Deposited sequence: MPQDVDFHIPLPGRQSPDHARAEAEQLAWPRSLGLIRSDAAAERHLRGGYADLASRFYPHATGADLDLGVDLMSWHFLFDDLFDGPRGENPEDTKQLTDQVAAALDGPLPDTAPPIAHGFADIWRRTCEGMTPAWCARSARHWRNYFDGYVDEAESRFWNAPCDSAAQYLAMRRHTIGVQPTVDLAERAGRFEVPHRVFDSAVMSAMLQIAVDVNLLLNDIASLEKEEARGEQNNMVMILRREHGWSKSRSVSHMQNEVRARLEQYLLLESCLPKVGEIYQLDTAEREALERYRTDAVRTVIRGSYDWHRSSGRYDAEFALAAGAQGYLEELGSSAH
């Protein structure tokens, strides 16, 4: 029961989506470019971030471009052994701690360019928290290669939280940090991850399909219950007028869009 939304600048972002991964060496052949265009990644970004246009939306497109290019590196033998996965994830995650050496693989220089644009203009505490989400994301790939109630691993490697984080950056706002840590928002974000998790496996948790549709419906029904608590949650944390509007922006442009945007994309 969430409205479908798409950025009014989706046509420009989709037409120009190939320029960034090509100039960073992520896409090297015309065949790989066409394989990228078939993913509809700029289309997905325009639905995750309908509130973003121009360069803000381009950053969202690049994040979607990078995530699926990065996830593709573990389809082969590397994603089968944990030591081989961590060797690559450590090189990429190193961009959170400082500049990368020029010898780093292009997929790492791509992440560094995204993270540079992501943190710029946000509070230092927001970048630190977003950096922790990235490390959970990279650690998730190591934990899944080790394995080669599955939510514990997929809840980090699905990449929903870094996707939600960029909705704040693309929207040039920050949810009040003490509300982000709240038990209510934590439960809302958990539903957003679980819903993206189940819709992805249906489009592996199947191990039936009617049970997941009820689980998605039950979680989305509980999500609306949690949304109604937000007026009282705002008073509990004594939000002023700006913080209250930022929380509302987080509810509609970050959490709701990551739930609805992936369903419409599928």
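Comparing the deposited sequence with the modelled residues, the stretches lacking C-alpha coordinates are 1 to 9, 158 to 167, 223 to 234, 239 to 250, 310 to 337.
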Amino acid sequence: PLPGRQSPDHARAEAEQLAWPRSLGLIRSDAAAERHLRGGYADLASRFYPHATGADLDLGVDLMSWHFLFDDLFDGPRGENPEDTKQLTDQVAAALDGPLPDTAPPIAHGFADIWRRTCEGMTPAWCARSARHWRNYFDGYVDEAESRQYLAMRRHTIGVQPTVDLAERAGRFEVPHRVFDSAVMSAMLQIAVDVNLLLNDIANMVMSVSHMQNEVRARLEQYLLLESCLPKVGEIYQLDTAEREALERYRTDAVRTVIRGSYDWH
From here on, numbers count along this sequence of modelled residues.
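In this entry, 70 to 78 shows the higher mean Cα temperature factor of the pair 70 to 78 and 174 to 182. Higher mean CA B-factor, judged across 213 to 221 and 227 to 235 from the recorded values: 213 to 221. Residues shown: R169, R129, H109, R148. Highest C-alpha temperature factor in the entry: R148.
For the set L197, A55, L37, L44, the PDB entry puts the maximum C-alpha B factor at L197. Ranked by C-alpha B-factor against the other modelled residues of its chain, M205 falls in the highest third. Sort the chain's modelled residues by C-alpha temperature factor and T241 lands in the highest third, per the entry. Split the chain's modelled residues into thirds by C-alpha temperature factor. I191 is in the middle one. Ranked against the other modelled residues of its chain, the C-alpha B-factor of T123 as given in the entry falls in the lowest third. Compared with the other modelled residues of the chain, the Cα B-factor recorded for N136 ranks in the middle third.
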